[PDB]
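Colleague: Residue numbers (PDB author numbering), protein chains in the order written: chain J, 305 to 379; chain H, 305 to 379; chain F, 305 to 379; chain D, 305 to 379; chain B, 305 to 379; chain I, 305 to 379; chain G, 305 to 379; chain E, 305 to 379; chain C, 305 to 379; chain A, 305 to 379.
Note that the Cβ used here is the ideal one computed from N, Cα and C, for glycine as well.
Take a look at the following structure, please.
So this is what it looks like as structure tokens:
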């Protein structure tokens, strides 16, 4: 027989502090993209970006990414 | 028989502090991209970017990435 | 029989502090990229970037990367 | 029978401090890249970058990378 | 029978301090890259960069890399 | 007694012939221009261009310039 | 007694012939220009261009310039 | 008694022939220009270009310049 | 008694022939130029270029320059 | 009694022939130029180029220069 016990306890404190951020300036001068093709054939979990100019400004006022996985397989 | 015990306890404190960040300036002059092809064929978990100019400004006001995995296989 | 005991306890303190960061300037003059091909065929966990000019400014106001893995296989 | 005991306890303090960073200037003049090919065929965990000019400014306001792995195989 | 005991305790203090960093200037004049080929065939954990000019400025405001592995195989 | 005879007689043929010109393509990317000053004091036939991106295409279907000056003094 | 006879007689043929020109391609990338000053004082026939990116394509379908000056003194 | 006879007679043929020119490609990358000064004082026929990136394509379908000066003194 | 006869008679043929020119490719990379000064004082026929990247392509379909000066004194 | 006869008679043929020129390729890389000064004082026919990267391609489809000066004194 099997006695399987899983009981992790993960405690954490994650902190970010800032007085002020500041005058952030993002001022790009755009260019150009040219794409030439004939045929595309795709499938089954595919992600794609063809031909783009995406200017992104991301200024979270402090932040955190916390990722946790608990994965069990019993065969 | 099996007695399997899993009980990790991971405690942590992660800290980031800053008075102020400052006047961050991002000012690119864009260029050009040219892509020439005929056929594309793709599948099964593929990620792609073809032909792009993505100017990204990312200024989190301090931050953390905390990644944890607990993976068990019992055959 | 087996008596398997796993109980790590990892405690840590990770700290980053700064008064102010400063006036960071990022001002690239863009160039050009030309890619010529005929056929692409790809699959099964592939990541690719073809033809790009990505100017990235990343200024986290201090930060940390903490990665932990607990992996067990019992055959 | 087996008595297997795993109980590491790793304690640490990792610190980075700075008064101010300063006026960091990144000002590249872009060039050019030309790639000519006919066919590509690839698969199974492949990462690639073909034809790029990625200017990256990374100024974390102090930081740390802490990586830990606990891996056990019981056959 | 086996009595296997693993209980390392590694304590450490890692510190980096600086008053100010200074006015760091990175100002490259770009060149050119030309790559000519016909066919590529690749697979199974391969990483590659073909044809690139990546100018990178990295100024962490002090920092540390701490890597630890605990690996056990019981046959 | 002053006798002045001015009688240039200048006959000419200026010719330009052409079957066809062709598919002219002009496709410039962008860029950035920044100018700072305090005071401008301009007097008496002052011509200037300050701060500009003027991209032009000029395709005359053949052309010629013929310029003549006939200037006489009488003192 | 002064007798002046001015009678140049200049006959000419200026010719340009062409079947076709061709597919001219002009595709420049970008760039960045920055100029700083305080005071400008310009007087009496001053011509200038300050701070610019002027990309031009000039494709006349053949052309010629014929310039003549006929200048006489009388003192 | 002064007798002056000015009678140049200059006959000429200036010719340019061409089947076709060809597929001319002009594809420059970018760059960066930075200029700093305080005071400019320009007087009496001053011509200047300060701080610029002027990329040009000039493809006349054949051409010629014919310049003549006929200048006479009378003192 | 002064008798002056000026009668040059100059006949000429200037010829340029060509089947075709060819596929001329001009593809320069970038670069960086930096200039610092305080005061400029320019007077009386001053011509200058300060701080520039001028890349040009000049492909006349054949051409010629014919220049003549006929200058006479009368003192 | 002064008798002056000026009658040069100069006949000429200047010829350039060509089947085709060829595929001329000009592909320079970049570089960096830096100039520092304080005061410039320019007077009376001053021509200058300060701080520049001028890359040019000049491919005339054959060409010639014919220059003549006919200058006479009368004192």
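#1: For residue 355(D), decide whether its Cβ has a neighbour in chain E, counting only Cβ atoms nearer than 8 Å.
#2: Name, please, each residue of chain F whose Cβ falls closer than 9 Å to the Cβ of residue 331(E).
#3: Can you say whether residue 361(D) is buried or exposed, counting buried as having 16 or more other CB atoms within 10 angstroms of its CB?
#4: Here's the rule I'm using: 16 or more other beta-carbon atoms within 10 Å means buried, otherwise exposed. How should residue 370(E) be labelled?
#5: Under 8 Å between the Cβ atoms of residue 340(A) and residue 336(B)?
#6: Just to check my reading of the structure: residue 354(I) and residue 355(G) have Cβ atoms closer than 8 Å, yes? What is that Cβ distance to the nearest angstrom?
#7: Is residue 328(H) helix, strand or coil when you go by DSSP?
#8: What are the boundary residues of the beta strand (DSSP E) that includes residue 338(J)?
#9: If residue 345(G) sits next to residue 344(E), beta carbons under 8 Å apart, how far is it from one beta carbon to the other, in whole angstroms?
#10: Taking the alpha carbon of residue 366(I) as the point to measure from, which residue in 358(I), 323(I), 305(I), 313(I) has its own alpha carbon closest?
#11: Out of 352(J), 312(J), 306(J), point me to the one whose CA is closest to residue 373(H)'s CA.
#12: Per the DSSP calculation, residue 348(B) is bridged to which residue(s)?
#13: With 16 other CB atoms within 10 Å as the buried threshold, where does residue 320(D) fall?
#14: Which of the three DSSP states is assigned to residue 368(D) in this structure?
#15: Measure the alpha-carbon distance for residue 309(B) versus residue 377(F) and round it to whole angstroms.
#16: What did DSSP end up calling residue 318(H) once you bin it into helix, strand or coil?
#17: On the DSSP bridge list, what partners appear for residue 378(H)?
#18: Helix or strand or just coil, what does DSSP make of residue 363(B)?
#19: Does residue 306(C) come out as helix, strand or coil in the three-state DSSP assignment?
#20: Tell me whether residue 333(C) sits in a helix, a strand or coil according to DSSP, three-state version.
#21: Comparing alpha-carbon positions, which option in 352(B), 357(B), 348(B), 305(B) lies nearest residue 338(B)?
#22: Rounded to a whole number of angstroms, what is the C-alpha to C-alpha distance between residue 329(I) and residue 342(H)?
#23: Out of curiosity, what's the CA-to-CA distance linking residue 315(C) and residue 307(C)?
#24: Take residue 318(B) and list the residues in its own chain whose beta-carbon comes closer than 7 Å to its own, dropping the five residues that flank it on each side.
#25: Is the beta carbon of residue 327(C) sitting closer than 8 Å to the one on residue 359(E)?
#26: Whole angstroms are fine: how far does the CA of residue 352(A) sit from the CA of residue 363(A)?
#27: What does the Cβ neighbour count give for residue 347(A), buried or exposed, with the cut at 16 atoms within 10 Å?
#28: Can you give the Cα-Cα distance for residue 305(B) and residue 305(F), rounded to whole angstroms?
#29: State the DSSP-derived secondary structure class of residue 355(I), mapped to helix, strand or coil.
Modeller: In short:
#1: Any Cβ of chain E closer than 8 Å to the Cβ of residue 355(D) would place that residue at the interface, and such an atom is absent.
#2: Ordered by position in chain F, the residues that pass the 9 Å Cβ test against residue 331(E) are 336, 338.
#3: So residue 361(D) ends up on the buried side.
#4: The residue is buried, with at least 16 neighbouring Cβ atoms inside 10 Å.
#5: No.
#6: In this structure residue 354(I) touches residue 355(G) by the C-beta definition: roughly 6 Å separates them, less than 8 Å.
#7: Correct three-state label for residue 328(H): coil.
#8: Note, residue 338(J): beta strand (DSSP E), 336 to 340.
#9: Their Cβ separation, rounded to whole angstroms, is 7 Å, which keeps residue 345(G) and residue 344(E) in contact under 8 Å.
#10: Selected option, being the one with the closest Cα: 323(I).
#11: Closest by alpha carbon: 312(J).
#12: Residue pairing for residue 348(B): DSSP places it in no beta bridge.
#13: Classification for residue 320(D): buried.
#14: Note: residue 368(D) maps to strand in three-state DSSP.
#15: One C-alpha to the other measures close to 18 Å.
#16: The answer is strand: DSSP assigns residue 318(H) an E or B state.
#17: Beta bridge pairing from DSSP links residue 378(H) with 378(J), 378(F).
#18: Under the three-state reduction of DSSP, residue 363(B) is assigned to coil, being neither helix nor strand.
#19: In this structure, DSSP gives residue 306(C) an extended state, which the three-state scheme calls strand.
#20: Annotated three-state conformation of residue 333(C) is coil, per DSSP.
#21: Per the Cα distances, 357(B).
#22: So the two alpha carbons sit approximately 22 Å from each other.
#23: Looking at the two C-alpha atoms, the distance is approximately 25 Å.
#24: Only 368, 370 meet the Cβ criterion.
#25: Cβ atoms of residue 327(C) and residue 359(E): not closer than 8 Å.
#26: Each residue's alpha carbon lies about 25 Å from the other.
#27: Counting the other CB atoms within 10 Å of its CB gives residue 347(A) a total below 16, which places it among the exposed residues.
#28: Straight-line Cα distance between these residues: approximately 10 Å.
#29: Three-state DSSP puts residue 355(I) in a strand.
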